[PDB]
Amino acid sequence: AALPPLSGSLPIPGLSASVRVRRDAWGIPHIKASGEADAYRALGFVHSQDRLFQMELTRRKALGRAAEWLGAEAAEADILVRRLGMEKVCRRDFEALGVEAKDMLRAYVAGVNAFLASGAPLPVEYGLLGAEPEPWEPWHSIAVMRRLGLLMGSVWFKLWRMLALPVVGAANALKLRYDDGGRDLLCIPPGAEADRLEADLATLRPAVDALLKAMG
């Protein structure tokens, strides 16, 4: 009674022909459509049947609205994505896409919004939060994708070395990086090995000096 119907037939405005969705013994959906627009409409509907709370919570985290559901623990992360300009760069990107990718995104969110209009019971998390789902625009998927990979990798190592400078000094701070086993195995060419370059304190000296002043 608190799960959406996964059998029978459901309407999607905008579909050209029927789409058949079969779930296997693990619940995994196999979706068979005729045309490509119908395939992406079906995928938006099928993602929402199994993962609507995940979809909306990940879009709120991208758009700086997750503290509305999660409270103060999420406030600083919301302020950071507002400062990075998530909505501006995802609308920018959407406007510059080719017709085929705009039509993919439009069809996909038509599928999401048809699910929100389908009369399904809401997921348990909307009951707990006293929430109702908000509708989707095509550029929202670009914000969800951008959030999945938000700021991973190099920026944290740089920030960490900078924070270490006034504590342990330049020479020590510039050894703060993940180990290489003594010598990396490289990916390209396959099987090749090489010793990584260590920091050149002489070429970094103006950056180090400016940061120590700025930090002090």
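The numbering used is simple: start at 1 and walk along the sequence shown.
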- Between the two ranges 42-50 and 156-164, the one averaging a larger CA B factor in the entry: 156-164
- Averaged over C-alpha atoms, is the B-factor higher for 15-23 or for 193-201 in this PDB entry? 193-201
- Query: Hey, out of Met55, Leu186, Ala62, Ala170, whose CA B-factor is highest in the deposited coordinates?
  - Reply: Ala170
- Note on the structure: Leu151: CA B-factor among chain residues, third -> highest
- So, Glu100's CA B-factor, relative to its chain, sits in which third? The highest
- Task: Divide the modelled residues of the chain into thirds by Cα B-factor and specify which third, lowest, middle or highest, holds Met145.
- Result: middle
- Query: Based on the entry's values, in what third of the chain does the Cα temperature factor of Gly119 lie: lowest, middle or highest?
  - Reply: highest
- Item | Cα B factor band for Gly111 (lowest, middle or highest third within the chain) | middle
